[PDB]
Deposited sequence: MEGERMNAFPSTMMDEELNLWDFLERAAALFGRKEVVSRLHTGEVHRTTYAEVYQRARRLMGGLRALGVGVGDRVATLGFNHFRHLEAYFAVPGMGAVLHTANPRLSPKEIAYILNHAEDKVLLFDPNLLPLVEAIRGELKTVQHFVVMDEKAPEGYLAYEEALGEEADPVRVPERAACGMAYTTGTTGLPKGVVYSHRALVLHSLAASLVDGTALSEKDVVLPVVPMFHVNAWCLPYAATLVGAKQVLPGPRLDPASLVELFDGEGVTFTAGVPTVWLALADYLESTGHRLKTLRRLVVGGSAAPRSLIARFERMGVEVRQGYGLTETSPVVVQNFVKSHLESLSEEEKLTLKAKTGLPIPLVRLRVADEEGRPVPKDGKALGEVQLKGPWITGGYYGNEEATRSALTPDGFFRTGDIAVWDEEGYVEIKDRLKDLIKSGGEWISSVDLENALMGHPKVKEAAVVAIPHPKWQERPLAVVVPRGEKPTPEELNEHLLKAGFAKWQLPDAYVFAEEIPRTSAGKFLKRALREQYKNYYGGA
């Protein structure tokens, strides 16, 4: 009816790195490899090599819309791939190496990945599933050297190439979730989604990411793209410290103090081990001011634990299906007058819905439940970075949405007049141990329930093809939980 005079310019993830090279080219990207060695590079160097990776991947037959998979932890080569793949108009498929060999082979075949990039210490896993893969044409070891039948990352790098421009709604990356019944379900993100997501979650009431920040993603780069942290840190031009597979407290403290980390994010399990170590050694982190916890409900003790040491803890919530951030916790200005007990209770809640997200806690008919912090209902979402369905799964798609088009998280929650959400339960019958999923129904079909654990957050308990961490520790199910609520302490 009335067109605007605004330029039709597309949002693109490559713009984050292109800006980082131009304005903050000298800012560092520090990586700790699997061997323990520390690698140092910069945004300018990462930008140069990411351009070389684009030309290199093109030589291997990667075109627009093609899937390029990764199996690796947090380091600079993974960060180069985080930009090169979406930069050339291809799809970054970050796969989880902690899954079963059968799960990984299924998702690589389902996504029809053309090229696989993986860490040197994950070679045995790749050697094991290689015979099962039907689409991967080139196997690339993220290192200087590669064994026979394998291509080395540094050898794979080609001539510098310009980024390919695509409509912002086009695919940039994809990830499969194991937090469902049956087969893993695929979610395909767009440039538009991840750019908007990076902006809205970086605001002051969110992560408050700044150029002055030194960012350490403890969250794996195969968990919803490390919660988009590497993208958002590049956007602001913050220094990045990538810890690799070593997430033990001594290894982290070393990077925390040595590189002057100011902001970090990870799952509760890792933070509990860190807090335990800091308390036992009487050590205080000299620069860390802000800590984000997600993936699972952060215990009240974990927050108070870190506040005691001068570390601000902010909870965040989301799904593979939501990019992932939809909810972030912060204390409102008028609620600062609350007592320390009441404030801790508020901090222990899930948090407030973030900008550009439409959140509701609703019933079976889709009607919002009372905002009294007591009535239970399902968290339902709507927005530009929330999935509208699944890739190559009609049955999973048609049950993912409500009649009025809201995504169903499968999470039972309450909400109050202040707008705070608080995850209470789960509709989907699953177990989340140390940030990773275990299917109850898949265990039963071989009764199993999720039992609270101090360390992991849930542990399976079987009442009488799977890994050792999936094995139940000890030996109409809505009652079995309330009976053994304190079986694992």
Would you flag the ranges of the deposited sequence that the structure leaves without C-alpha positions? 1-7, 454-463, 482-500, 512-525, 540-541
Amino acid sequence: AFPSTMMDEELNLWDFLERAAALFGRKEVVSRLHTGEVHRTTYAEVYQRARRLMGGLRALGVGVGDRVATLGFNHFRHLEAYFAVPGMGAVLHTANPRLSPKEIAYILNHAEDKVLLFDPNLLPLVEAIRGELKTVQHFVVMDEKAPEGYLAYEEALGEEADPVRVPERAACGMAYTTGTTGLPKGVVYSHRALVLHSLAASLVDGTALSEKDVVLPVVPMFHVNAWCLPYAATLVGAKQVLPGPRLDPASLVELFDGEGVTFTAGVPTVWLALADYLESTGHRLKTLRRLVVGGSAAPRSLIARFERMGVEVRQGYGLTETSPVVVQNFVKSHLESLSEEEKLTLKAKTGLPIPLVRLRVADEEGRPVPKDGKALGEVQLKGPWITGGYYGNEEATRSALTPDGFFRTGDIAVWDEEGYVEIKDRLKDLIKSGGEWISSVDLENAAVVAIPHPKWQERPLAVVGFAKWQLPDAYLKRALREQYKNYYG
From here on, numbers count along this sequence of modelled residues.
Mean B factor on CA atoms, stretches 127-135 and 186-194, record says higher is 127-135
Higher-scoring stretch by recorded Cα B factor average, 335-343 or 87-95: 335-343
Comparing C-alpha B-factors across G295, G366, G72, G377 in this entry, the winner is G366
Among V30, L427, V421, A44, single out the one with the highest C-alpha B factor in the record, please. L427
CA B-factor ranking of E9, expressed as a third of its chain: middle
Among the modelled residues of its chain, the C-alpha B-factor of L151 falls in the third labelled highest
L57 - which third its CA temperature factor falls in, relative to the rest of the chain: middle
Comparing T180 with the other modelled residues of its chain, is its CA B-factor in the lowest, middle or highest third? highest
Among the chain's modelled residues, which third holds the C-alpha B-factor of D205? lowest
